[PDB]
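Visitor: Dropping a structure here in structure tokens format, bear with me for questions.
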Amino acid sequence: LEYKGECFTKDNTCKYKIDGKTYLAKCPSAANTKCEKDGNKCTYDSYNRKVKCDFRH
């Protein structure tokens with residue numbers, strides 16, 4: 001199951017939490033996966049080691 005993580009402002013940044021220790025993740029600069037406001041939604045896939053960010057409302 002995808003991990004629950006958040007993203008940062010347009011500065012392109014993401015922080016996810018994992019059982020045991022917490023780590024940080026980076027998101028793409030794509031306007032489709034970018035962040036207009038810090039604290040937006042974010043996701044990190046360990047299967048593909050790819051981190052995708054999404055924003056809504």
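Naming works like this for the structure tokens: A, B, ... for the chains as they're shown, residue 1 at the start of each chain, ligands 1 onward in shown order.
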Excluding same-chain residues fewer than 4 positions from residue 26 in chain A, what lies within 10 Å of it counting only C-alpha atoms, as a ChimeraX atom specification?

Guide: /A:7-8,12-16,42-44,50-53

Visitor: For each of A:17, A:11, A:57, A:4, take the minimum atom-to-atom distance to residue 34 in chain A, counting only C-alpha atoms, then give the residue where this is smallest.

Guide: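 Checking each candidate against residue 34 in chain A, we get A:11 as the closest.
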
Visitor: Give me, as an MDAnalysis selection string, the residues of chain A that a backbone DSSP run labels strand (DSSP E or B).

Guide: chainID A and resid 3:7 14:17 22:25 41:45 50:54

Visitor: Rounded to one decimal, what separation in Å do you get between CA of residue 41 in chain A and CA of residue 28 in chain A?

Guide: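 Going from CA of residue 41 in chain A over to CA of residue 28 in chain A covers 13.3 Å.
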
Visitor: As a tab-separated table (two decimals) with N, CA and C atoms, in the first residue's frame, please: the residues near residue 36 in chain A (cut-off 7 Å, only C-alpha atoms, same-chain neighbours under 2 positions excluded).

Guide:
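Contents of around.tsv, as written:
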chain	number	residue	atom	x	y	z
A	9	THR	N	6.10	23.47	-0.82
A	9	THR	CA	5.77	24.49	-1.80
A	9	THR	C	6.39	24.16	-3.16
A	10	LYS	N	6.23	25.08	-4.11
A	10	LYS	CA	6.77	24.89	-5.45
A	10	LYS	C	8.27	24.59	-5.39
A	34	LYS	N	3.45	18.93	-9.51
A	34	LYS	CA	4.08	19.97	-8.70
A	34	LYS	C	3.18	20.37	-7.54
A	38	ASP	N	2.70	24.59	0.01
A	38	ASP	CA	3.39	23.67	0.91
A	38	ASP	C	2.40	22.90	1.78
